[PDB]
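These notes are about the structure you will find just below.
Atoms within each ligand, like the ligands themselves, are counted from 1 in listed order. All residue numbers refer to positions in the sequence shown, counting from 1. Below, all heavy atoms of this structure are taken into account, side chains as well, without hydrogens, waters or symmetry copies.
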Amino acid sequence: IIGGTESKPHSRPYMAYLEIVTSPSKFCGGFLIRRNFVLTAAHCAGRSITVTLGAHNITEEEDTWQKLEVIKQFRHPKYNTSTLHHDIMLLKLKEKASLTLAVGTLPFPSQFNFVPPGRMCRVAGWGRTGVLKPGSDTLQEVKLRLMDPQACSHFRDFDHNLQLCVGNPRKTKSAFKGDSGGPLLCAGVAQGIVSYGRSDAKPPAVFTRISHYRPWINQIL
Ligand SMILES: COC(=O)c1ccc(NS(=O)(=O)c2sc3ccc(F)cc3c2C)c(S(C)(=O)=O)c1
């Protein structure tokens, strides 16, 4: 998260931190939708994934931490490994998390509108705070603007109708590396998932549209 501020501790109890091991390690975001299911981006898939819940500080272990092993990675069946179309994945945790002050579920409303540009939303994560910067010690959140699709025209495989263009190009505020899989929260409802952007972190970034995959996510609910 670039250009954001520290969240109030445990004010985002659904946030998940992913430690991914390949067959090199990756770090992603995610959010708890149910006690044993985490929603994240499909490109975060690897061999081993460990989920940390109930964390504000990610660098030193807290009493509110809950670490769970992923036992199944359910990528969307039409996910494209290079163009990142349908970049959404369901993770089944080995055990059930404990609902506490620090661990909670993100509720999904009965209606998911196709959200047009112009909306102001929030994204949170422990990702890099800038280009070449390390991951944030604590959970950061930044307010971002849903941009017109023409602002993401430089991305070769961007599709306005499948993805969100998020981030004012004249600022530095944006999600970045390590924030992938984290939710884009508009008005308290997760409308997007951090997918990708530019290596030099110049916004906008590309977000998966959650509204398209509500019936598919309804498998878990
Ligand atoms: C068609 O796909 C691509 O064009 C592409 C681009 C970058 C990239 N990964 S990235 O460089 O670490 C990066 S930059 C950035 C900026 C803002 C942001 F919210 C996130 C990110 C991320 C993840 C990948 S990916 C995840 O599949 O490896 C794919």
Side-chain angles (χ1 to χ4, degrees), residues 1-5 7 12 15-31 38-47 49 58 73 75-76 78-89 91 115 117 119-136 139-147 149-186 190-210:
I1 300 296
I2 303 180
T5 67
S7 306
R12 311 283 187 259
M15 288 305 302
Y17 186 77
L18 306 193
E19 215 285 65
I20 302 138
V21 172
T22 68
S23 302
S25 46
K26 296 191 301 185
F27 302 90
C28 275
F31 45 107
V38 167
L39 191 53
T40 185
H43 72 258
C44 298
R47 196 64 82 169
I49 301 181
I58 205 61
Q73 305 178 43
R75 266 120 70 94
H76 192 278
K78 285 159 182 171
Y79 170 65
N80 189 287
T81 44
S82 23
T83 72
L84 297 207
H85 287 190
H86 317 291
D87 188 13
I88 184 173
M89 176 171 58
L91 301 178
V115 180
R119 267 45 127 85
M120 277 291 179
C121 310
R122 299 182 168 276
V123 61
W126 296 270
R128 299 179 170 264
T129 54
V131 178
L132 312 174
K133 299 301 115 178
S136 193
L139 183 64
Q140 301 269 311
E141 59 178 341
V142 67
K143 202 186 193 71
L144 299 183
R145 185 191 196 274
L146 261 57
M147 293 300 304
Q150 310 164 16
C152 284
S153 298
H154 54 289
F155 292 117
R156 181 151 288 248
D157 308 282
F158 171 77
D159 190 10
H160 157 55
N161 310 308
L162 290 178
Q163 294 157 330
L164 296 167
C165 189
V166 183
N168 189 350
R170 346 166 213 270
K171 292 207 178 188
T172 58
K173 304 198 306 177
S174 167
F176 195 45
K177 300 184 174 68
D179 300 314
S180 302
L184 179 69
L185 285 158
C186 308
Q191 297 286 349
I193 295 178
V194 188
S195 185
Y196 69 91
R198 287 166 51 82
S199 295
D200 57 358
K202 284 183 182 175
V206 178
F207 282 56
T208 304
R209 291 180 179 265
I210 294 187

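Short contacts between ligand 1 and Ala175, defined as distances under 4.0 Å to a heavy atom of the residue, involve ligand atoms 17 (C), 18 (C), 19 (F). Proximity to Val194 (heavy-atom distance under 4.0 Å) selects the following atoms of ligand 1: 19 (F). Short contacts between ligand 1 and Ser82, defined as distances under 4.0 Å to a heavy atom of the residue, involve ligand atoms 1 (C), 2 (O). Residue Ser180 approaches ligand 1 through these ligand atoms, each under 4.0 Å from one of its heavy atoms: 23 (C). Listed by number with element, the atoms of ligand 1 under 4.0 angstrom from any heavy atom of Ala205 are 17 (C), 18 (C), 19 (F). Residue contact check: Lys177 has heavy atoms under 4.0 Å from atoms 10 (S), 11 (O), 12 (O), 13 (C) of ligand 1.
There is no protein heavy atom less than 4.0 angstrom from atom 9 (N) of ligand 1. Atom 28 (O) of ligand 1 lies below 4.0 Å from none of the non-hydrogen atoms of the protein.
How far CG of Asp200 is from CZ of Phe176: 7.5 Å, rounded to the nearest 0.5 Å. Taking CG of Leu146 as the reference point, atom CG of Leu184 lies at 6.0 Å (rounded to 0.5 Å).
Using cut-offs of 30° and 60° for the angle between ring planes, the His76 and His86 rings count as parallel.
At least one donor-acceptor pair under 3.5 Å links the side chain of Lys26 to the backbone N or O of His43. Looking only at distances, a side-chain donor or acceptor of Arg209 sits under 3.5 Å from a matching main-chain atom of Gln163.
The two residues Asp157 and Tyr196 make their nearest non-hydrogen contact at C-OH, 4.2 Å.
Using a 4.5 Å heavy-atom cutoff, the side chains of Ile193 and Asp87 are not in contact.
For the pair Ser195 and ligand 1, a heavy-atom separation below 4.0 Å is found.
Nearest protein heavy-atom contact of atom 24 (C) of ligand 1 is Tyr196 CB, 3.8 Å. For atom 14 (S) of ligand 1, the closest non-hydrogen atom on the protein side is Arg198 O, 3.2 Å. The nearest protein atom to atom 15 (C) of ligand 1, hydrogens excluded, is given as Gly197 N, 3.4 Å; this is a heavy-atom distance. Counting only heavy atoms of the protein, atom 25 (S) of ligand 1 lies nearest to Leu84 CD1, 4.3 Å.
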Kindly determine whether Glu19 and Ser25 satisfy side-chain contact (heavy atoms from CB on, under 4.5 Å), including the steps that lead there. CA-CA 7 Å; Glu19 215 285 65; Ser25 46; 3.6 Å; yes
Criterion side-chain contact (heavy atoms from CB on, under 4.5 Å) on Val123 and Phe207, from CA distance to verdict: CA-CA 11 Å; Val123 61; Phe207 282 56; 4.3 Å; yes
